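1. just need the structure, nothing else, for what follows:
(chains A, B and C, ligands or ions: 4)
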Amino acid sequence: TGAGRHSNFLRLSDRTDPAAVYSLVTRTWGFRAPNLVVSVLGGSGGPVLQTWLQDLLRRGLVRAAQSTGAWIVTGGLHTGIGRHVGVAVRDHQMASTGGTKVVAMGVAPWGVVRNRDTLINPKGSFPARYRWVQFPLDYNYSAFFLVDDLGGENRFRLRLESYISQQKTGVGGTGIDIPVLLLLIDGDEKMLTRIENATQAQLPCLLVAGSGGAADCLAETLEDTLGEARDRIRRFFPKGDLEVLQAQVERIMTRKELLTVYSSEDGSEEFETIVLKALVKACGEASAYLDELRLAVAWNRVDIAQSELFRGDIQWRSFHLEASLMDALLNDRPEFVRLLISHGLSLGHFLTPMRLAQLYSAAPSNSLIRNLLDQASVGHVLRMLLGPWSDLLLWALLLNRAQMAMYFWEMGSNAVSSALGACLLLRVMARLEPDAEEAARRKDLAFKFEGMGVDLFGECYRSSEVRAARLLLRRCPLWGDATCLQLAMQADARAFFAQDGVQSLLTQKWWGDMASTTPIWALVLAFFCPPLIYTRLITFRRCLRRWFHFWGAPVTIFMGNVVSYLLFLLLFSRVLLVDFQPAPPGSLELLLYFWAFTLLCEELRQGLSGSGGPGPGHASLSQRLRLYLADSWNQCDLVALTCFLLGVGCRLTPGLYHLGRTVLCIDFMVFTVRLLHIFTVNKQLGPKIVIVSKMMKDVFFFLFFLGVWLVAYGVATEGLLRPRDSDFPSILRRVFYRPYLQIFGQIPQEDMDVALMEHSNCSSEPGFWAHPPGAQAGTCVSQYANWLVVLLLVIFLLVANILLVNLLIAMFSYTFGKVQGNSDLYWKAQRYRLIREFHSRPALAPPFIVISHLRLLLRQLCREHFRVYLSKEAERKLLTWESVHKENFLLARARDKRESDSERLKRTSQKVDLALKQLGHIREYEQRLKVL
Amino acid sequence: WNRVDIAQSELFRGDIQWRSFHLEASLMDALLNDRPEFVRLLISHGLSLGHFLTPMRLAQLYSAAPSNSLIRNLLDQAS
Amino acid sequence: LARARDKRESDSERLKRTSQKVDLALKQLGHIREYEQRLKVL
Ligand SMILES: CC(C)CCC[C@@H](C)[C@H]1CC[C@H]2[C@@H]3CC=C4C[C@@H](OC(=O)CCC(=O)O)CC[C@]4(C)[C@H]3CC[C@]12C
Ligand SMILES: CC(C)CCC[C@@H](C)[C@H]1CC[C@H]2[C@@H]3CC=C4C[C@@H](OC(=O)CCC(=O)O)CC[C@]4(C)[C@H]3CC[C@]12C
Ligand SMILES: CC(C)CCC[C@@H](C)[C@H]1CC[C@H]2[C@@H]3CC=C4C[C@@H](OC(=O)CCC(=O)O)CC[C@]4(C)[C@H]3CC[C@]12C
Ligand SMILES: [Ca+2]
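-> Numbers count the residues shown, from 1 in each chain, chains lettered A, B, ... in the order given. Ligands and ions are numbered 1, 2, ... in the order given. Shown next is the structure:
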């Protein structure tokens, strides 16, 4: 047989398998591994059970099913106890309309189901529907383990539930042995010898008081602890052979402790703790200590785990909490983790490296991590990670455990650097991830650390701008002496650079030891008077270091690079305009050639001295030059320097002289546009230089729409008035160039409109002609339909000069509104990349840079990493100050979360739920009075 | 009666022994009379829908279209 | 089921479910009021 009806049944024999049944439950058509199993035994006489036993199953047992997984093992027939359990499952899945569709295996015998369609003998794969001492099968159970031997299936289930109890619970097969328990609603003679075997296989029976035949016969005995038992057994059994029915009860009562009585009218909401109560008496000192709190973790029920630890003779020792946090970590369950750390663990006796290797061993097999470990058994993390909070925070980032990493960040030191560090990993490790489904969660949890790093630093910056400046430039001993700005660069942390604390910190790094509120004109006055450096103007924070704080600062290296480049373009122009005769190169032209060699020697310094890509110190030039020729400026810097080289090579050869001048005039154009890339570091200009490249998508639409209209206008005008000087350079000029200039107010009416030109007899061709006075207007044009050419100009100036130009302004004004936020956000992050690009550059500019290249190359024959230095005791005062402001920040967000309106409505509704749970006790006062 | 709270507690509780035809004609009046919230309840407790959608009952379902509709006449136009 | 959870955990549907549980409280605490009659007979 196979599945059918969408339940998954099969027929088997008694002797078959403990394991190949349960593997065929869990692997094939897998529901889950349970967190317990409540096997229910004891039939009625045929009619309906009592109302409170029905309510014990309604919202006492199946409530504990949907809360804890917890598949129920029953008969399956619609007349035994499986009817009444089947009533409860069918009730509860419509009672709570959300639900989780509780699972219940109805282990039945094959020779009882009367409407057997004999499911499809090839392989048992049918979806075959059932037609609804010959009892049927339900439609309410998720399975039906039909047994082809009501006696045969009993030795199977006790063989089954013993195997279930041997199976461990937890991801990776480690954790607790699963809890199995028999639930004994009242039965018969056979029900007493049923649960004797359960004690022999060590099953914690859970008989219910006030039930009847088999339960209350045993319930009166378990309260009869330290000749009367002759009488009381006969009270529930009018049937004979009382003697072994006496004698087997003491065989049960040899155990006496793998057995508890569900007290009548004392549970039904406490049932989930009474179930919990029976297991501890069962484990209480051999069976793999169940510890009562490790169990509540495995059930994934938080409210049990608090009240167990907050109350109930609170004497929790070390190892009681130690293995409890393992299953809180191995199974995902982050809310249990915060509870245990709130009651405090060691974390120096907890993070022993076996347990970390244990923690990484429970990674899922088909991950991008387990194989990534086995591949290794960002890429340096693989060479660093192998199988008190930082290693634990590292773990939860690696396995994409979101709320675990959000918590482990909160319990450790180094809040800002590990928030930037978490953003660094999850952007790197998403690129190292094959599939893009989980990379959406990997990138979302990177934004959540981007939120907390920006939020916590903005608190620390408004606290003390000086002491939070030291937060970035601290020598972080992680990552081989990393810096938090360097951490934010490699993370591509655009939101972290965008905040006003980091941006005001960048100006202070920009004006390095020169008091960044200094004016600009005083820097100009001190650049062109180095005597004026030591004066009443620019303030700073040995007169030789005072010299080097000025000329080593990135604004003066910038202004050195700007002054020396405006003088390059002034030398370039004075060569190009007045010193460029076909003679061999003179004084200033050779000075220009050396100047642009240094420009090229300064171009290879960025090339062989150059994370969202490779790591620092790649040392193979197929990455360093590939990342060089990827900057859009270098591409401009090399096009400039290569056609300077073309313009000089063509100049020096005698034939190609005018082509060498022509290439150098376009070469001035490209060196001057590189003036834009230099001033994008400016706060006033820079965010607007980055805008004007976002405008190119609208220029290209305009240039498309105009060019189509310029072909349309230009050929139709050149076709209507037919010039007689129709050379292809002049035809392609009156078609394109002359209409293009009409957009800019150069409208040659005298060349297109015949009524404005005289000399109307200028061609022997038939028709009437007229002479336009323009030089490239044709010798004579036609005057056939020159009403149209004049009309067709009017349509041109309307479309081009009014429709196209003013719609381009609407397109610029729109996309300036969109990209203003995002390109300023992009410029903020780009800014620090340009601050330290001048800080690492030598202090001497382009023409005099050869001094600082004959100093660097003489360094090799004799053989910017920004980090402020401070003492370790002043360094730990920083992290102590900053871990206070993390705690003052997490507790501030926790109060704002609790005092939110969405969480008062949660806490009000749960207190009305607490009212009705306790006012329902008051209702049962009527029964308390009716007995009175 | 168009009262939902009765229909849940009748079906969730009270000696729950509902058979086939007890649910079959119940969903008809849940469909013929508009009442969609009763429909979700019965499908939540499960119907056949292969023994429920017999083509007499679909023709029964279309027969309860309102007379002055743009559908009943549109059927009668197509009839 | 994801939209059904977001509908139930909405604030507009907690206020519906809170008010109906206070309505359930008063319907059941009104039973407790008629305890005075149950005591006055006693
Ligand atoms: C081709 C010509 C312009 C030859 C250059 C003549 C130079 C001797 C002098 C005349 C005035 C100088 C300028 C005076 C004002 C400054 C502002 C200065 O801006 C900054 O460095 C700080 C702004 C920031 O924070 O980014 C750049 C250099 C600059 C343009 C100087 C560049 C070189 C200039 C043009
Ligand atoms: C059909 C005819 C007109 C030939 C087409 C020529 C244009 C497509 C090209 C040639 C020169 C280009 C310009 C050369 C200088 C630049 C500066 C550039 O700004 C930057 O480079 C800033 C650097 C950065 O943001 O990364 C923006 C485009 C722009 C105006 C270009 C706009 C498009 C131009 C006109
Ligand atoms: C901006 C978008 C909408 C397209 C506009 C393209 C024109 C403005 C460009 C492309 C073709 C170019 C022309 C190709 C042919 C000539 C004729 C030429 O006149 C000569 O005979 C001198 C030497 C020669 O090229 O033969 C002068 C340059 C000119 C106007 C070129 C400069 C401007 C033109 C018309
Ligand atoms: Ca460059």
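2. for the rest of this, base every contact and every neighbour count on C-alpha atoms.
-> Will do.
3. how many neighbours does residue A:394 have?
-> Neighbour count for residue A:394, taken as other C-alpha atoms under 10 Å in any protein chain shown: 18.
4. got it, and residue A:476?
-> 17.
5. name whatever forms a beta bridge with it.
-> residue A:482 (DSSP bridges).
6. check for me that residue A:105 belongs to a strand.
-> Yes: applying DSSP: H, G, I helix; E, B strand; the rest coil, one finds residue A:105 inside a strand.
7. list the contacts of the closest residue to ligand 2 within the stretch 1-150 of chain A.
-> Proximity to ligand 2, evaluated over the stretch 1-150 of chain A using C-alpha to the nearest ligand atom, is greatest for residue A:98 at 53.8 Å. Applying C-alpha atoms under 8 Å, 6 or more residues apart in numbering or on different chains, we find residue A:98 in contact with C:1, C:4, C:5.
8. now distance to ligand 3 too, for the residues you listed, in CSV please.
-> Shown next, in CSV, are the contacts of residue A:98 (distance: C-alpha to the nearest ligand atom, whole Å):
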residue, distance to ligand 3
C:1, 56
C:4, 56
C:5, 57
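9. please, where are all the helices along the stretch 601-750 of chain A?
-> Assigned by DSSP state H, counting those that start in this stretch, the helices in the stretch 601-750 of chain A fall at A:621-628, A:632-652, A:657-678, A:686-689, A:696-720, A:728-732, A:738-741, A:749-752.
10. to chain B, which of these lies closest?
-> helix A:696-720 (49.2 Å; C-alpha to the nearest C-alpha).
11. same for that closest one, what does it pack against?
-> Helix A:696-720 makes packing contacts with helix A:738-741, helix A:786-798, helix A:805-839 when contacts are defined by 3 or more C-alpha pairs under 8 Å, 6 or more residues apart in numbering or on different chains; DSSP states H and E.
12. distance from it to the middle of the chain?
-> Centre-to-centre, helix A:696-720 and its host chain are 47 Å apart (C-alpha atoms, centre = their mean, to the nearest Å).
13. now stretch A:318-328
-> In terms of C-alpha atoms, centre = their mean, the centre of stretch A:318-328 is found 29 Å from the chain centre.
14. likewise stretch A:402-411?
-> Its chain's C-alpha centre and that of stretch A:402-411 lie 13 Å apart, by C-alpha atoms, centre = their mean.
15. please apply the same query to stretch A:143-154.
-> Chain-centre distance of stretch A:143-154: 49 Å, with C-alpha atoms, centre = their mean.
16. over to stretch A:91-110?
-> Computed by C-alpha atoms, centre = their mean, the separation of stretch A:91-110 from the middle of its chain amounts to 36 Å.
17. need the CA coordinates for it. PDB is fine.
-> Taking Å, rounded to 0.1, in the frame of the first residue of the first chain, the C-alpha atoms of stretch A:91-110 are listed here in PDB:
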ATOM      1  CA  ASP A  91     -12.500  20.800  16.700                       C
ATOM      2  CA  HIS A  92      -9.200  22.500  17.400                       C
ATOM      3  CA  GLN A  93      -8.100  23.100  13.800                       C
ATOM      4  CA  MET A  94     -11.300  25.100  13.300                       C
ATOM      5  CA  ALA A  95     -11.300  26.600  16.800                       C
ATOM      6  CA  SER A  96      -8.000  28.400  16.200                       C
ATOM      7  CA  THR A  97      -8.300  29.500  12.600                       C
ATOM      8  CA  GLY A  98      -4.600  30.200  12.300                       C
ATOM      9  CA  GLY A  99      -3.400  26.900  13.700                       C
ATOM     10  CA  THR A 100      -0.400  24.800  12.600                       C
ATOM     11  CA  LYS A 101      -2.400  21.700  11.400                       C
ATOM     12  CA  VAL A 102      -1.600  19.300  14.200                       C
ATOM     13  CA  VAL A 103      -0.100  15.900  13.300                       C
ATOM     14  CA  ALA A 104      -1.500  12.600  14.600                       C
ATOM     15  CA  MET A 105      -0.500   9.100  13.600                       C
ATOM     16  CA  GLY A 106      -3.400   6.600  13.900                       C
ATOM     17  CA  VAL A 107      -1.600   3.300  14.200                       C
ATOM     18  CA  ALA A 108      -4.300   0.700  13.400                       C
ATOM     19  CA  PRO A 109      -4.500  -3.000  12.500                       C
ATOM     20  CA  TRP A 110      -5.000  -3.900   8.800                       C
END
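18. and for stretch A:579-592, what's in contact with it?
-> Identification of contacts with stretch A:579-592 by C-alpha under 8 Å, 6+ apart yields A:568, A:571, A:572, A:575, A:652, A:657, A:661.
19. cool, stretch A:216-229 as well?
-> Outside stretch A:216-229, the residues within contact range by C-alpha under 8 Å, 6+ apart are A:186, A:207-210, A:232-233, A:236, A:246, A:249, A:253, A:256, A:260-261.
20. tell me which residues of it are tucked away?
-> For stretch A:216-229, a neighbour-count test (16 or more other C-alpha atoms under 10 Å in any protein chain shown) marks A:216, A:217, A:218, A:219, A:220, A:221, A:222 as buried.
21. now those residues as JSON lines including secondary structure?
-> Output for the buried residues of stretch A:216-229, formatted as JSON lines (three-state DSSP):
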{"residue": "A:216", "secondary structure": "helix"}
{"residue": "A:217", "secondary structure": "helix"}
{"residue": "A:218", "secondary structure": "helix"}
{"residue": "A:219", "secondary structure": "helix"}
{"residue": "A:220", "secondary structure": "helix"}
{"residue": "A:221", "secondary structure": "helix"}
{"residue": "A:222", "secondary structure": "helix"}
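22. what's around the residue of chain A found nearest ligand 1, how many residues?
-> Per C-alpha to the nearest ligand atom, residue A:682 is where chain A lies closest to ligand 1, at 3.5 Å. Counted by other C-alpha under 10 Å, the residues lying close to residue A:682 total 13.
23. so how far is chain C from it?
-> 48 Å (C-alpha to the nearest C-alpha, to the nearest Å).
24. for chain C, what are the nearby residues on chain A?
-> Selection of chain A residues close to chain C by C-alpha under 8 Å from any C-alpha of the partner chain yields A:98, A:902, A:905-906, A:908-909, A:912-913, A:915-916, A:919, A:922-923.
25. rerun that using 6 Å as the cut-off
-> For chain A, the residues in contact with chain C (C-alpha under 6 Å from any C-alpha of the partner chain) are residue A:909.
26. for chain A, what lies in contact range of chain B?
-> Within chain A, the positions near chain B by C-alpha under 6 Å from any C-alpha are residue A:91.
27. contacting ligand 2 as well, which ones from the contacts of stretch A:216-229?
-> Among the contacts of stretch A:216-229, not one lies near ligand 2 by C-alpha under 6 Å from any ligand atom.
28. which ChimeraX command selects the buried ones in those?
-> To isolate the buried ones among the contacts of stretch A:216-229 in ChimeraX, judged by 16+ other C-alpha under 10 Å, type:
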select /A:186,207,208,209,210,232,233,236,246,249,253,256,260,261
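29. good, wrapping up.
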